[PDB]
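Shown next, in structure tokens, is the structure this report addresses.
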Amino acid sequence: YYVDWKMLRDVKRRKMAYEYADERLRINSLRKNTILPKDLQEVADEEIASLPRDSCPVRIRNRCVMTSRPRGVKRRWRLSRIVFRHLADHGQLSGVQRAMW
Amino acid sequence: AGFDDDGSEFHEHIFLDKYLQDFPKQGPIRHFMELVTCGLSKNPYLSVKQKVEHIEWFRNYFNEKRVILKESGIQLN
Amino acid sequence: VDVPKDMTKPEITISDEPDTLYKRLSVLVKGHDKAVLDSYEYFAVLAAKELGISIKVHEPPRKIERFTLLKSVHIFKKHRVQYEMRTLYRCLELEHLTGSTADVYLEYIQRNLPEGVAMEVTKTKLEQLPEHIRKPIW
Amino acid sequence: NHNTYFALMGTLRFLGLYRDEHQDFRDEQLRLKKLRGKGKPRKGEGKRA
Amino acid sequence: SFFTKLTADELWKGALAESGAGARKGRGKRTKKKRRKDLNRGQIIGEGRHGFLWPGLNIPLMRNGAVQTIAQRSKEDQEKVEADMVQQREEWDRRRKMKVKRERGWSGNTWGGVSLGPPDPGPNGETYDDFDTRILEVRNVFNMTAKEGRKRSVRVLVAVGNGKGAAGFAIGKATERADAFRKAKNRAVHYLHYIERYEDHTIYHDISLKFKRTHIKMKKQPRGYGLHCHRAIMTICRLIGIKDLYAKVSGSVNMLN
Amino acid sequence: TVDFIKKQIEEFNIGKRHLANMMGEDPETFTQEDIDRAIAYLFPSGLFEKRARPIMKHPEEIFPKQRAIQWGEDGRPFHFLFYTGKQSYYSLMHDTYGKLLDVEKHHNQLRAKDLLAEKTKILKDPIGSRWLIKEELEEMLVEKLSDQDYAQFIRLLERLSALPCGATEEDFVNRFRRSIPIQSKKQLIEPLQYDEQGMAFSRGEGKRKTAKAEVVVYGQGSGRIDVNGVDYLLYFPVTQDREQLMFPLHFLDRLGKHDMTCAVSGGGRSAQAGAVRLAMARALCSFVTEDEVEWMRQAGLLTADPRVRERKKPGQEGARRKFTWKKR
Amino acid sequence: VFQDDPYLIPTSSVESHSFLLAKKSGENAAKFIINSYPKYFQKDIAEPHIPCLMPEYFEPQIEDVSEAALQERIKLXXXXXXXXXXXXXXXXXXXXXXXXXXXXXXXXXXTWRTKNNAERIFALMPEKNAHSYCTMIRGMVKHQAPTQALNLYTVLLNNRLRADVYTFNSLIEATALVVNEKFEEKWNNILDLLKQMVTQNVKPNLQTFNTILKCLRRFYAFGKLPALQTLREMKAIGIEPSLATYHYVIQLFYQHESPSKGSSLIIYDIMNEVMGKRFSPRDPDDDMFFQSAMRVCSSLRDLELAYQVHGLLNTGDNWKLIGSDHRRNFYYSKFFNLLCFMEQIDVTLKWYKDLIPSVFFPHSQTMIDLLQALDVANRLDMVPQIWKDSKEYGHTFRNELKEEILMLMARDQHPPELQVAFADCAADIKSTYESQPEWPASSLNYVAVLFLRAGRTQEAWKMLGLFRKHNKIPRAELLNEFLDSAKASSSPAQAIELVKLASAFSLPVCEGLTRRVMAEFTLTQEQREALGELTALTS
Amino acid sequence: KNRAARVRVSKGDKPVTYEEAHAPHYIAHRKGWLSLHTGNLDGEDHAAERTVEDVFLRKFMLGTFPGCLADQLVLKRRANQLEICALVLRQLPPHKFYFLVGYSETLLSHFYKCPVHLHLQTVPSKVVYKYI
Amino acid sequence: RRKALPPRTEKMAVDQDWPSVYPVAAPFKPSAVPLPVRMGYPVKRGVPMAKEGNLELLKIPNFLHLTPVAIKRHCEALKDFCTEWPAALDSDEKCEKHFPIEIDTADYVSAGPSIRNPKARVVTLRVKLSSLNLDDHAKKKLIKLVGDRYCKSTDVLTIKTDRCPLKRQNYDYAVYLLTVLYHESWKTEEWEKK
RNA sequence: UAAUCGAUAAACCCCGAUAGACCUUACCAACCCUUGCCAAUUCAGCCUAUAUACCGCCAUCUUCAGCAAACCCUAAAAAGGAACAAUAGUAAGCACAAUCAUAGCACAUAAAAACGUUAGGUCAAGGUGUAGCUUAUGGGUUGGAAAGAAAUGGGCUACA
RNA sequence: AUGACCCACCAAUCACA
Ligand SMILES: [Mg+2]
Ligand SMILES: [Mg+2]
Ligand SMILES: [Mg+2]
Ligand SMILES: [Mg+2]
Ligand SMILES: [Mg+2]
Ligand SMILES: [Mg+2]
Ligand SMILES: [Mg+2]
Ligand SMILES: [Mg+2]
Ligand SMILES: [Mg+2]
Ligand SMILES: [Mg+2]
Ligand SMILES: [Mg+2]
Ligand SMILES: [Mg+2]
Ligand SMILES: [Mg+2]
Ligand SMILES: [Mg+2]
Ligand SMILES: [Mg+2]
Ligand SMILES: [Mg+2]
Ligand SMILES: [Mg+2]
Ligand SMILES: [Mg+2]
Ligand SMILES: [Mg+2]
Ligand SMILES: [Mg+2]
Ligand SMILES: [Mg+2]
Ligand SMILES: [Mg+2]
Ligand SMILES: [Mg+2]
Ligand SMILES: [Mg+2]
Ligand SMILES: [Mg+2]
Ligand SMILES: [Mg+2]
């Protein structure tokens, strides 16, 4: 079990987005190019908008990995701010400490 | 350690000219494909095999549509 | 009293090849707490003096990374908690080394790396000239 | 992978190696709840009956 | 969902809600009670309901001088083991729901008249097992505090005696009832009187005293006429060793006076 | 707790032997100084608090002093002041007062014999003598004290010293002396320097507010100043900064007589002027008389300026400035 | 290998065993879990990719196809036969390799099923001998029927396929091991197959001459002379003799070493040439070499050659030179048995602290040796130490080797310094057996005598009291000894008690006992209590 | 009032470990880090991985040795191997302790695909720094 | 059945060689270390906590395997592997006169399951132009050809090679690049006269 | 508006959010799916109700100096317990203080700040007591969430 | 200048045979 249904959704999304990365890239090559004619690019356009909607990366969310919180995340530990503090304050995060200066 | 990358040497990485042999030589397809090529030339994360598979997907996709290319205002092989 | 007899069996071979020369070899140790880096420095220097490796040691400026989070679960934005991570450095600069000596000294040193520290090894090696450049012209 | 962690530690609980006090708490609470008479309705039964 | 879980201590601390603001101002009633039961109480290392038997844990390491292999119990064997564990739980619930009897002092809910048992040994090793102590009056008493508002102390009034003519009383006060009990015992032993007994049953002669607003009047009886007195006076007399007496208290019946 | 101390000393000695063995040193010449380096190297704890780091020390220094047993096995207390609850302190008071009376008697006999032969030893001020602190006294009696207690005692010692001082009396009051360490604020003059046939150049280094400045001054030159390889009128366009550079020279009337080169980095323009100012000042102290050095210090020329930017604080705006506070 | 904390450190040999065995049972439990549910352990992290931490696959990779499932389920024994049966049910032809593998599986896993499987091996496929005979000559050594194997040696020699080395090994062993009343008829057949191997181009291995020696062991104790010849024979062809060879050599040489001590000198010199060399223990049987190489020095009591066996052990790989823990503790039992009596206390006390707690823990045999080592050299200083050590390791043996330990307390004479050692050592002892343990009167001779050389009468009295409280008595020389210890300090009342309890229990010196209390009461002038004693005994 | 990772003052009877008696602001000042690894240093990678690994180890160990864990775990990571170090109450017979040592080390080695060492230090009762 | 065995510190000889005890990196068992060491913060009357059961000492990386005796021994064992440094090379001048070409290569060690570091690929090639056989024309043409990779004050040419998966591949590509730069600096062409 | 929720004197109002075009997302409307994430489970699942059942994190009095066990005293005690030329108070503990940090002092700043007060804030960080839903208050897909009569807070840019 | 009502202290454990 992932902690939340939402997290589940996200796992799927990352899987699909991993699978179609090659197709998406190859097509958006054509799409993003001035050199090729527009007639290729409109077909290529429908091509990439044909692809399953959950395969596109912008639909991914970086979520807290233990607690599933959608924001207030620190990218480095993939941790919610709350869970991060909870680990660091027991000193289970090496080299992390309160800051005085 | 542990990873030799198929015993490949830097010329099977940098110079991709060999796989552009079959492609229209003076067209805009040379422009596009020389860009794709140049891109793959700078790409560390991919194997030789994979780069070649990209190249071939393009071969196959352009050779898939002859029609749109001819109609486009440039006769393309 | 009780001494095992004939306890040593090292295996070493000499290949005919021209072992690689290292003009300079830099070893950068990052760690969290200073004291461990000092002990490590002592150990490293001692280990090099015994192999006649002729090294210098200097200390690169410390980096402190700070960042902030909210102090409360829900809503008081006015209150925060700030965390640090301090990275401290030592630099072991060795000069005029050989290939084998480098591999030994580095093996020994790296094995004994304490757990809270990291290490970066910059080897500048000496090569004379490539073949096709020597004195042909096309 | 949360499936692997949850599954593996569940099994290791049933093989009596791992001991989960959280799951135990959940259990005992639930037992005492079915005893008091409020349980989880078998599927399909609750609404119409 | 494995990461999502917690320690038992955390979960119980959570569920019991002893630390809330309800408990402090007495914002909830005392007839509502729930308790914490250890969930590791009857469990053994290695035990699971899958039924395995591990060489180091469930079963002895060596059987008949050899190494036992990893093995699993039969279906019905596990049935019996779970039956045992269930009956153990039921036994602990049978033990828990039985409330120990409290010897009633004067009334069922009064602490008055109740025995605390011997006071505690003094620092010198000096020991009184000959002394008994009875509670006379326990009272919840309040004081208005700057921060907490009402503040509830118990104060108990207690008497000790050996039955041989030495008795004394003292009062003690604390936040916890247990604490005040201790305090008043140990303090009582310090103020002892000697009560002269005629022929070791009655007092010597009739007594009438007005102490503050209380009038006690006692009369000296013959041998057979036992202890006809206010209930507090009977308690104290039994502690002194005065076996035959008559006393009428008038005016304020306030216990300390 | 006596058996404890004995054991702890046994094992500290056994241990010190062991340690001296692994560190590969002579067990006899091993000092505390050496023990420390040995642990610091063996158990390297970075922790900022020095009291929390690993320590192997002689148990007498580690454990606190103990009040000895106060009575025999029969129950009789050894010292006649025991029941006061402070024996140590009231004994001190007793013997002190006793010595005071003694002094009074002896000096009165010497008043009747027409002799004042004593002197006032009460001025030790050049030695920088002071009384013990309360903390010290409290350590000397192995007993807690009160402020009024300490006060009483000190006042009594004062009464003592204010009379003719006997030998045993002087010695007595001098246990309660300490000497405050060196008080002189005189600077440390940079030795003047002669380089490559060139005569009389001095160096100085200023630091102000993110700006560092190294200034070399030549006594043998005419007046000019080269900062980072350019003229000081070019590098410091603002009048105010040129005046800052002028301050120390104009103060010593050296204004035409010296020739300076500077390296200044970081900070803004005004901070750099300040930096060079301080450095120049510190460099010109080699060329001048010891008295004018004191003058420059008293003009505030030689002190670094501690004022530095404060850190912004979370939930405020400016390190002081607060977000607007709404009453209702 | 063990955890380093004092609580988990093994105290005895039994604890060492149960601990290490436990750890392995745990390791096993883990591996079971892994291989039961492999999908949990699939996800990989490690970059160099250790293949060793991957879960294992014991299932057949194909089901209905014969040629896969056969070899698959064979590599995995019964599923192999289910597989070969499902291949023989589809009329799929089983080739020369198939049931050569199923045969090697019938030899490695597995008397009627051996005959049946052999019948299917020969009847269905006409297997080349070099495989079928291999398996069946190996397995019918295990199922104990060597005759059909000589028949298969005839069938194999007929087909021009030569018998490989392991054949002549197994059949030299089969013709050797089968002896009915006649050894020469066997040994001759052996030398004939040994010549027939040299003729067939098969070179006899070191393990063939080794097998031959092993065979010559079990029959004649004087069959060491042909074997010795073999020992020279291999040395001619360049193959360095294995530790197994030398072992068997030391076995028959030992059997003939007990009555005759010359063969001993030959083992000792063979060993003397063997020990200037660094070993490569690469052959199968080698453990009993270093077992019996040292074993001889214990019976013959020769320490120099034991120093040599040890110098041999520590040389090539010490660790690899002893197979089992029992056969390991034999080594130290015997070796330290030699070290204790044969050498100066300076050497024994030294190797003591090195071998005993560290390597392998004291048995009863090594227990008694330390006791006899300190009686001869007159060492009373090391008794508390060896006792405290023997307590930790030696709990079970205690009662039996107890009576011997204390016996070395009588033999000595006790100065004023040693009193407290005796007091503590004996007090802990008797406080242990009075709290539970039949207790010898010897122990009281000791507490009472050591307390007379101590100067302490009052405790020896309470101890004599505690034995007469045990419902039996010491002999009368001890009771006369404390009669004397209570007589010298003038304690006649305790003497009255002692001789009352003596006369109650019938003690043999009773004439002399009564005479001793009369003498002590004439010396302290207690005479009326002596007459009252005679009046209390007459009644 | 800050509450984070604090053990509040009770009536004065409460036993408190050296660890529990020090609020987060004392980390790196008085008490040290319960884990050590390279990941949180300036130029380094995969901090997140090691954090999750850590969390799972504390949970796992706490469940594998029920009731016998004295103080929180110590996790040292060195050149691809993790040495776990624990303070353990003496509860179990050394049979159960060695069984669990071996079981664990193997299990976790196969889980995290790296060599895992386990070091048990045994203690009579929870070491007590304060109150009590 | 409760077993308490005294620590190894009892049986420890005073002069026993220490590296025997801690050959490898070790957690610091308090039982196996003779020295009394108190660490931890004290309490108002009290002292620093004892070495037994002390969690704080357990956190410390301990240099106990590395005590200087153990290092002396270790290094003396390693003297056999190391090979000597050539005499005449003692000064940098001769280094350059003999070896013109410096190849810088990075290697990173971080703790965890994977060895793989992205940064390891990069190979840097530094070469003085004064050590090259170039013509005047060829030198100017090379300078213009490479541009920014050439430092005009120190005359050290820099080639940073990244693009390929392996450091050996990148080394080959940097060398190749250098070769080609030199070969194509000497070729004069038509437009060079323009 | 078909169309979330939470904060909402000091102690809300660029606040949960160091972040909403789809996703996020909890909402609305259509549609779909009913052992329906897992090794097993008459069970999964619930951002349903209760922050007045709670743990976790905090706000606030607060840079306020007190809280509190164990005792002792009082012609009785609800409670009070100082006087230094001293008259009944000793007290461990926690706070304050000291130390640590801001790479030398010092100062400053940071950090710290007990017991309690406001049933203060948060069942929507996560977890949970009690009570509720179970072919639905659960799980998915597709598309929609508008807007300015008015009032107002905080900012930005200005009025030179 | 004003500010529904209502708010508080009356129950006892754990562990072993
Ligand atoms: Mg949830
Ligand atoms: Mg996004
Ligand atoms: Mg009733
Ligand atoms: Mg501002
Ligand atoms: Mg809500
Ligand atoms: Mg609301
Ligand atoms: Mg409010
Ligand atoms: Mg939306
Ligand atoms: Mg949607
Ligand atoms: Mg919902
Ligand atoms: Mg609330
Ligand atoms: Mg105070
Ligand atoms: Mg009054
Ligand atoms: Mg009071
Ligand atoms: Mg106090
Ligand atoms: Mg400071
Ligand atoms: Mg300050
Ligand atoms: Mg603050
Ligand atoms: Mg402070
Ligand atoms: Mg509210
Ligand atoms: Mg609300
Ligand atoms: Mg919820
Ligand atoms: Mg507005
Ligand atoms: Mg704001
Ligand atoms: Mg009105
Ligand atoms: Mg009102």
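We name chains A, B, ... following the order of the structure tokens; residues begin at 1 in each chain, and ligands are numbered from 1 as shown.
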
Give the residues of chain I that lie within 7 Å of chain H; count only C-alpha atoms, and format the answer as a PDB file with N, CA and C atoms, in the first residue's frame.
ATOM      1  N   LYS I  29      33.258  -1.404  21.360  1.00  0.00           N
ATOM      2  CA  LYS I  29      32.743  -2.094  22.525  1.00  0.00           C
ATOM      3  C   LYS I  29      33.551  -1.623  23.739  1.00  0.00           C
ATOM      4  N   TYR I  41      27.865  15.080  28.634  1.00  0.00           N
ATOM      5  CA  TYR I  41      27.791  16.279  29.421  1.00  0.00           C
ATOM      6  C   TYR I  41      27.502  15.839  30.841  1.00  0.00           C
ATOM      7  N   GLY I  53      27.663   1.275  28.471  1.00  0.00           N
ATOM      8  CA  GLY I  53      26.306   1.647  28.097  1.00  0.00           C
ATOM      9  C   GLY I  53      26.170   3.049  27.528  1.00  0.00           C
ATOM     10  N   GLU I  56      26.793   7.786  23.475  1.00  0.00           N
ATOM     11  CA  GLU I  56      27.480   8.871  22.791  1.00  0.00           C
ATOM     12  C   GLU I  56      28.841   8.464  22.263  1.00  0.00           C
ATOM     13  N   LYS I  59      28.561   6.639  18.919  1.00  0.00           N
ATOM     14  CA  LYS I  59      28.342   7.482  17.742  1.00  0.00           C
ATOM     15  C   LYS I  59      29.655   7.932  17.115  1.00  0.00           C
ATOM     16  N   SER I 110      31.917   7.787  -2.069  1.00  0.00           N
ATOM     17  CA  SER I 110      30.831   8.136  -1.177  1.00  0.00           C
ATOM     18  C   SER I 110      30.214   6.844  -0.679  1.00  0.00           C
ATOM     19  N   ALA I 111      29.692   6.865   0.539  1.00  0.00           N
ATOM     20  CA  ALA I 111      29.171   5.648   1.144  1.00  0.00           C
ATOM     21  C   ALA I 111      27.761   5.335   0.648  1.00  0.00           C
ATOM     22  N   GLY I 112      27.513   4.064   0.340  1.00  0.00           N
ATOM     23  CA  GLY I 112      26.191   3.619  -0.065  1.00  0.00           C
ATOM     24  C   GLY I 112      26.279   2.422  -0.986  1.00  0.00           C
ATOM     25  N   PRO I 113      25.128   1.865  -1.382  1.00  0.00           N
ATOM     26  CA  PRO I 113      25.043   0.701  -2.276  1.00  0.00           C
ATOM     27  C   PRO I 113      25.674   0.867  -3.672  1.00  0.00           C
TER      28      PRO I 113
END

Residues of chain E within 7 Å of chain G, using only C-alpha atoms, as a short mmCIF file (atom, residue, chain, number, x, y, z; two decimals) with N, CA, C and O atoms, in the first residue's frame?
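Dumped to iface-v8.cif:
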data_model
loop_
_atom_site.label_atom_id
_atom_site.label_comp_id
_atom_site.auth_asym_id
_atom_site.auth_seq_id
_atom_site.Cartn_x
_atom_site.Cartn_y
_atom_site.Cartn_z
N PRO E 55 14.35 -22.98 14.91
CA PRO E 55 15.38 -23.65 15.72
C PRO E 55 15.89 -22.88 16.94
O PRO E 55 16.17 -23.52 17.94
N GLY E 56 16.03 -21.56 16.86
CA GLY E 56 16.53 -20.81 18.00
C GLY E 56 15.48 -20.21 18.93
O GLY E 56 15.77 -19.90 20.08
N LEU E 61 17.16 -25.63 20.30
CA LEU E 61 18.06 -25.68 19.15
C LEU E 61 18.42 -27.11 18.72
O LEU E 61 18.56 -27.40 17.53
#

Expected answer as a PyMOL selection string: helix (DSSP H, G or I) residues in segment 106-251 of chain F: chain F and resi 106-112+125-127+134-140+147-161+167-173+232-235+239-251

Taking only C-alpha atoms (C1' of nucleotides) into account, which residues of chain D are within 12 Å of chain J, as a short mmCIF file (atom, residue, chain, number, x, y, z; two decimals) with N, CA and C atoms, in the first residue's frame?
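This went into iface_13.cif:
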data_model
loop_
_atom_site.label_atom_id
_atom_site.label_comp_id
_atom_site.auth_asym_id
_atom_site.auth_seq_id
_atom_site.Cartn_x
_atom_site.Cartn_y
_atom_site.Cartn_z
N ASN D 1 9.19 1.41 -3.09
CA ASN D 1 8.01 0.61 -3.35
C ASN D 1 7.35 0.34 -2.01
N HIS D 2 6.14 0.86 -1.83
CA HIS D 2 5.48 0.70 -0.56
C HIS D 2 4.81 -0.67 -0.47
N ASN D 3 4.42 -1.20 -1.63
CA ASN D 3 3.87 -2.54 -1.67
C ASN D 3 4.88 -3.55 -1.12
N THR D 4 6.14 -3.47 -1.52
CA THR D 4 7.12 -4.44 -1.05
C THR D 4 7.37 -4.31 0.44
N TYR D 5 7.40 -3.09 0.95
CA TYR D 5 7.65 -2.92 2.38
C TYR D 5 6.46 -3.45 3.19
N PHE D 6 5.25 -3.06 2.81
CA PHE D 6 4.06 -3.47 3.54
C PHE D 6 3.81 -4.97 3.49
N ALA D 7 3.92 -5.53 2.29
CA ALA D 7 3.78 -6.96 2.08
C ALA D 7 4.83 -7.75 2.84
N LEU D 8 6.10 -7.45 2.60
CA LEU D 8 7.17 -8.19 3.26
C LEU D 8 7.06 -8.14 4.78
N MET D 9 6.80 -6.97 5.35
CA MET D 9 6.77 -6.91 6.81
C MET D 9 5.50 -7.52 7.37
N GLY D 10 4.42 -7.51 6.59
CA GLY D 10 3.24 -8.27 6.96
C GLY D 10 3.53 -9.76 7.06
N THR D 11 4.12 -10.32 6.00
CA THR D 11 4.44 -11.74 6.01
C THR D 11 5.36 -12.04 7.18
N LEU D 12 6.46 -11.31 7.29
CA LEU D 12 7.39 -11.52 8.39
C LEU D 12 6.73 -11.41 9.76
N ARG D 13 5.61 -10.69 9.84
CA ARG D 13 4.83 -10.70 11.07
C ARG D 13 4.14 -12.04 11.24
N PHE D 14 3.48 -12.51 10.18
CA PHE D 14 2.81 -13.81 10.26
C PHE D 14 3.77 -15.00 10.47
N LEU D 15 5.01 -14.86 10.03
CA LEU D 15 6.02 -15.89 10.28
C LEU D 15 6.63 -15.66 11.65
N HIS D 22 1.69 -1.62 16.09
CA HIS D 22 0.64 -0.80 15.51
C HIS D 22 -0.48 -1.68 15.01
N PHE D 25 -2.36 -3.17 17.90
CA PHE D 25 -3.28 -2.19 18.45
C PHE D 25 -4.56 -2.16 17.62
N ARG D 26 -4.38 -2.05 16.30
CA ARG D 26 -5.51 -2.02 15.37
C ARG D 26 -6.40 -3.24 15.56
N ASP D 27 -5.75 -4.40 15.62
CA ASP D 27 -6.42 -5.69 15.85
C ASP D 27 -7.24 -5.67 17.11
N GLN D 29 -8.21 -3.39 19.16
CA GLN D 29 -9.32 -2.43 19.06
C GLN D 29 -10.48 -3.04 18.28
N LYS D 33 -14.29 -4.15 19.23
CA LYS D 33 -15.37 -3.45 18.56
C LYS D 33 -16.44 -4.42 18.05
N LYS D 34 -16.01 -5.57 17.52
CA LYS D 34 -16.97 -6.57 17.03
C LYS D 34 -17.70 -7.22 18.20
N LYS D 38 -20.63 -3.53 17.20
CA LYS D 38 -20.51 -2.75 15.97
C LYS D 38 -19.32 -3.26 15.17
N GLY D 39 -19.61 -4.00 14.10
CA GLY D 39 -18.58 -4.54 13.24
C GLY D 39 -18.59 -3.92 11.86
N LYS D 40 -17.85 -4.53 10.95
CA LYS D 40 -17.93 -4.17 9.54
C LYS D 40 -18.92 -5.09 8.83
N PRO D 41 -20.01 -4.51 8.30
CA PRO D 41 -21.01 -5.22 7.50
C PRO D 41 -20.41 -5.99 6.33
N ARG D 42 -20.79 -7.26 6.21
CA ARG D 42 -20.46 -8.07 5.04
C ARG D 42 -20.96 -7.34 3.79
N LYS D 43 -20.21 -7.41 2.70
CA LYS D 43 -20.50 -6.58 1.53
C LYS D 43 -21.88 -6.82 0.89
N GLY D 44 -22.64 -5.74 0.75
CA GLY D 44 -23.95 -5.78 0.12
C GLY D 44 -25.09 -5.70 1.11
N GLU D 45 -24.79 -5.99 2.38
CA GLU D 45 -25.81 -6.15 3.41
C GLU D 45 -26.36 -4.85 4.02
N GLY D 46 -25.49 -3.87 4.25
CA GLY D 46 -25.80 -2.74 5.13
C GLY D 46 -26.96 -1.80 4.84
N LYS D 47 -26.97 -1.20 3.65
CA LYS D 47 -27.93 -0.14 3.31
C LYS D 47 -29.39 -0.57 3.39
N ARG D 48 -29.76 -1.49 2.50
CA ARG D 48 -31.16 -1.87 2.27
C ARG D 48 -31.81 -2.59 3.46
#

If we count only C-alpha atoms (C1' of nucleotides) and set the cut-off at 9 Å, which residues sit around residue 216 of chain F, ignoring sequence neighbours fewer than 6 positions away in its own chain? Please answer as a PDB file with C-alpha atoms, in the first residue's frame.
ATOM      1  CA  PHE F 201      59.249  50.243   5.206  1.00  0.00           C
ATOM      2  CA  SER F 202      56.497  49.063   7.550  1.00  0.00           C
ATOM      3  CA  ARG F 203      53.421  46.888   7.086  1.00  0.00           C
ATOM      4  CA  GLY F 204      49.868  46.942   8.436  1.00  0.00           C
ATOM      5  CA  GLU F 205      46.552  45.193   7.859  1.00  0.00           C
ATOM      6  CA  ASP F 259      54.959  56.836   0.332  1.00  0.00           C
ATOM      7  CA  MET F 260      52.350  54.044   0.441  1.00  0.00           C
ATOM      8  CA  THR F 261      51.172  51.036  -1.579  1.00  0.00           C
ATOM      9  CA  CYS F 262      47.840  49.292  -0.881  1.00  0.00           C
ATOM     10  CA  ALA F 263      45.811  46.201  -1.665  1.00  0.00           C
ATOM     11  CA  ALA F 279      45.753  49.684   8.023  1.00  0.00           C
ATOM     12  CA  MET F 280      47.662  52.894   7.295  1.00  0.00           C
ATOM     13  CA  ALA F 283      51.552  50.799   9.684  1.00  0.00           C
TER      14      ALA F 283
END
